[PDB]
Amino acid sequence: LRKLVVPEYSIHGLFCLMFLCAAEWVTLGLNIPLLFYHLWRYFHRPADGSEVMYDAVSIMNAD
Amino acid sequence: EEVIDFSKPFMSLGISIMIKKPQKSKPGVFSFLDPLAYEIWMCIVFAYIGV
């Protein structure tokens, strides 16, 4: 899962950049919120460890 | 015409626009992109990214 997360976020960022350059404002607006959510998710590490997005020790928690 | 009498016009004309003849424009920096439209260049960039 860790190896597979960066491609998703970066490819969505590519989508956002493309729609910016093409001047397609509506789609860019629809896509910015997910961009920021992914940014927050990747750069917060709510887990106290703060070394991996998914941590085997923190994983297996029901919440 | 109120004080003299004219003939039918021997030459009809009207207002027109005079400009300086377009010259060979001094080549612009980045004139090497002119053979292809900007949209082609951007599609090239993003096709490179996608490939």
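Residues numbered from 1 in each chain as written, not as in the entry; some residues may be left out. Chains lettered and ligands numbered in written order. Part of a larger assembly, values for the part shown. Heavy atoms only, no water. Residues with missing side-chain atoms left out of burial classes, pairs and counts.

Method of determination, as annotated in the archive: cryo-EM, at 3.1 Å resolution.

Chain B has the name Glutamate receptor 2 in the PDB entry, where Rattus norvegicus is given as its organism. The deposited PDB record carries the title "Resting state GluA1/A2 AMPA receptor in complex with TARP gamma 8 and CNIH2 (LBD-TMD)".

The PDB entry annotates chain A as Protein cornichon homolog 2 originating from Rattus norvegicus.

Draft legend 1. Layout of the overall build of chain A. Regarding its fold elements, chain A presents two helices and zero strands. Oriented by its inertia axes, the alpha-carbon framework of chain A measures out at about 45 × 20 × 20 Å. (Helix = DSSP H or I, 4+ residues; strand = E, 2+ residues; numbered from the N terminus.)

Draft legend 2. Highlighting the layout of surface pockets. Residue and element names in this part refer to chain A. Its boundaries defined by the atoms lining it, the largest pocket holds a volume of some 190 Å³. Residues of the lining of the largest pocket, tallied by class, amount to six nonpolar, two polar and three charged. For the second largest pocket, the calculated volume is near 150 Å³. What lines the second largest pocket is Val6, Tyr9, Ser10, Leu35, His38, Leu39, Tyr42 and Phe43. Secondary structure elements with two or more residues in the lining of the second largest pocket: α1 (5-21) and α2 (25-44). In terms of residues, the lining of the second largest pocket owes the most to one element, α2, which gives five residues. By residue class, the composition of the lining of the second largest pocket is six nonpolar, two polar and no charged. (1 Å grid on protein atoms, 1.4 Å probe; cavity = no way out; pocket = protein on both sides within 12 Å on 5 of 7 lines; lining within 4 Å. Points joined across faces, edges and corners; volume = space filled by probe spheres on them. Nonpolar A, V, L, I, M, F, W, Y, C, P; charged D, E, K, R; others polar.)

Draft legend 3. Local environment of the packing of α1(A) against α2(A). All names here are of chain A. In contact at an axis separation of 9 Å, α1 and α2 are set at 150° when each is read in the N-to-C sense. On the basis of the axis angle, α1 is roughly antiparallel to α2. Read as a crossing pair, α1 and α2 show a hand that is left-handed. Residues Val6, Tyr9, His12, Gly13, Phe15, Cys16, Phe19 and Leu20 of α1 lie in contact with α2, whose contacting residues are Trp25, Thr27, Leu28, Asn31, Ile32, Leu34, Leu35, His38, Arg41 and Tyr42. Looking at side-chain class alone, the contact of α1 with α2 contains 12 nonpolar, five polar and one charged residues. (Axes fitted to C-alpha atoms, helices over the stretch in contact; angles between N-to-C directions. Parallel < 35°, antiparallel > 145°, perpendicular 65-115°, else oblique. Left-handed = near helix turned anticlockwise from the far one by under 90°. Contact = heavy atoms within 4.5 Å.)

Draft legend 4. Geometry of the side chain of A:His12. Residue and element names in this part refer to chain A. Locating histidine 12 in the fold gives a position in helix α1. Judged by relative accessible area, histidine 12 falls into the buried class, the value being 10%. Those residues within four positions of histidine 12 in sequence are excluded, and the remaining contacts are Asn31, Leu34, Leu35 and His38. (Buried < 20%, exposed > 50% of the residue type's maximum accessible area, 1.4 Å probe, protein only.)

Draft legend 5. Highlighting the environment of A:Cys16. Structurally, the position occupied by A:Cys16 is in helix α1. Among all residues touching A:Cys16, those that are not within four sequence positions of it are A:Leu28, A:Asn31, A:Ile32 and A:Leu35.

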